Each structure stands twice: as C-alpha cells, then as structure tokens.
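> Can you read through this structure? Questions will come right after.
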Amino acid sequence: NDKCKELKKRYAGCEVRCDXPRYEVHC
C-alpha cells in the first residue's frame, strides 16, 4: 500500500502526517 507515501505526497502544499493506520491531513 503506497497510500502515507502518496496522502503525504497530493497534499504537498498542505499539512499531512501519516502514521500507519493514522492519517492526519489539513488541506
């Protein structure tokens, strides 16, 4: 699963922290 890699990477211009099952993203 490449989805931390690439949420961390469309939200490049925003805030986004992935930690295993946790998906943080402020965009």
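Just remember, in the structure tokens the first chain shown is A, the second B, etc., residues are 1-based per chain, and ligands are 1-based in the order shown.
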Report as JSON, numbers by chain all protein, DNA and RNA residues lying within 8 Å of residue A:17, evaluated on only C-alpha atoms, omitting residues in the same chain fewer than 4 positions from it.
{"A": [4, 8, 23, 24, 25]}
> Would you list the contacts of residue A:7 as a PDB file with N, CA, C and O atoms, in the first residue's frame, taking every protein, DNA or RNA residue within 8 Å and counting only C-alpha atoms, but skipping same-chain residues closer than 2 positions in sequence?

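Final output, saved to out.pdb:
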ATOM      1  N   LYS A   3      -0.458   4.339  -0.312  1.00  0.00           N
ATOM      2  CA  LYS A   3      -1.275   5.459   0.087  1.00  0.00           C
ATOM      3  C   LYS A   3      -0.668   6.746   2.162  1.00  0.00           C
ATOM      4  O   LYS A   3      -0.974   7.891   1.810  1.00  0.00           O
ATOM      5  N   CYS A   4       0.307   6.482   3.024  1.00  0.00           N
ATOM      6  CA  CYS A   4       1.135   7.528   3.589  1.00  0.00           C
ATOM      7  C   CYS A   4       1.951   8.198   2.498  1.00  0.00           C
ATOM      8  O   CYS A   4       1.894   9.414   2.348  1.00  0.00           O
ATOM      9  N   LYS A   5       2.673   7.384   1.724  1.00  0.00           N
ATOM     10  CA  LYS A   5       3.589   7.882   0.698  1.00  0.00           C
ATOM     11  C   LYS A   5       2.912   8.920  -0.187  1.00  0.00           C
ATOM     12  O   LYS A   5       3.223  10.109  -0.108  1.00  0.00           O
ATOM     13  N   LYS A   9       2.344  12.804   0.004  1.00  0.00           N
ATOM     14  CA  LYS A   9       2.760  13.358  -1.265  1.00  0.00           C
ATOM     15  C   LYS A   9       1.017  14.261  -2.876  1.00  0.00           C
ATOM     16  O   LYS A   9       1.651  15.192  -3.374  1.00  0.00           O
ATOM     17  N   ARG A  10      -0.310  14.253  -2.771  1.00  0.00           N
ATOM     18  CA  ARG A  10      -1.137  15.313  -3.342  1.00  0.00           C
ATOM     19  C   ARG A  10      -1.266  16.507  -2.404  1.00  0.00           C
ATOM     20  O   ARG A  10      -1.552  17.621  -2.840  1.00  0.00           O
ATOM     21  N   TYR A  11      -1.058  16.280  -1.118  1.00  0.00           N
ATOM     22  CA  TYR A  11      -1.234  17.334  -0.130  1.00  0.00           C
ATOM     23  C   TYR A  11       0.103  17.972   0.226  1.00  0.00           C
ATOM     24  O   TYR A  11       0.292  18.475   1.334  1.00  0.00           O
ATOM     25  N   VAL A  16       0.116  17.314   6.408  1.00  0.00           N
ATOM     26  CA  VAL A  16      -0.256  15.894   6.262  1.00  0.00           C
ATOM     27  C   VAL A  16       0.761  14.947   6.914  1.00  0.00           C
ATOM     28  O   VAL A  16       1.919  14.833   6.494  1.00  0.00           O
ATOM     29  N   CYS A  18       1.186  11.018   8.197  1.00  0.00           N
ATOM     30  CA  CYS A  18       0.674   9.663   8.205  1.00  0.00           C
ATOM     31  C   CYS A  18       1.465   8.820   9.190  1.00  0.00           C
ATOM     32  O   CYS A  18       2.695   8.899   9.243  1.00  0.00           O
ATOM     33  N   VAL A  25      -4.370  15.075   7.968  1.00  0.00           N
ATOM     34  CA  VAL A  25      -4.242  15.905   6.756  1.00  0.00           C
ATOM     35  C   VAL A  25      -5.116  17.166   6.789  1.00  0.00           C
ATOM     36  O   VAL A  25      -6.351  17.111   6.768  1.00  0.00           O
TER      37      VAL A  25
END
> Extract the full set of helix (DSSP H, G or I) residues from chain A according to DSSP on the backbone, and format it as a list in words.
residues 5, 6, 7 and 8 of chain A
> What parts of chain A does DSSP call strand (DSSP E)? I'd like the answer as number ranges by chain.
A: 15-19, 22-26
